[PDB]
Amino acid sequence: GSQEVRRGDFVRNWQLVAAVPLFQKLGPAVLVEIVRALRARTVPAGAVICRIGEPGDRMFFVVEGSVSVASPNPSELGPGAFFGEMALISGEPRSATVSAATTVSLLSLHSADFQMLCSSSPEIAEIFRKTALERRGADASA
């Protein structure tokens, strides 16, 4: 039932959040609120996490393992990194396909909770906005 899902979605979250530097940036009530909303997920190596052109309704914090980003300047994102923010900020479709490189643990943040986070923390909202710009900049360069 729903109770099992709620426990499964949370049971790992606090342990894993220590691996997200972005959230060292948060007041404690804000961090706890966000951690309750996060959902921890493990994705097997090779599996697609988000696909270019599809709608985006969440973003992801990498907490164990790594992902591969298929862009003009391909990159790997490991613990502490994040992806999926661009679609949440622009309302546009996913701009690149991201796949598990090794088996990867992620903390998933749904759009509503991303908006609450950004409305709560100007520092963090700006980090997301600048990260999206950086990534667009990387894409623009051969």
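A residue's number is simply how far along the shown sequence it sits, counting from 1.
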Could you check which stretch, 59 to 67 or 72 to 80, carries the larger mean CA temperature factor in the entry?
72 to 80
Which is higher on average in the deposited entry, the C-alpha temperature factors of 15 to 23 or of 129 to 137?
15 to 23
Top Cα B factor in the deposited entry, candidates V30, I52, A45, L107:
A45
Based on the entry's values, in what third of the chain does the Cα temperature factor of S111 lie: lowest, middle or highest?
middle
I89's Cα B-factor: lowest, middle or highest third of the chain?
highest
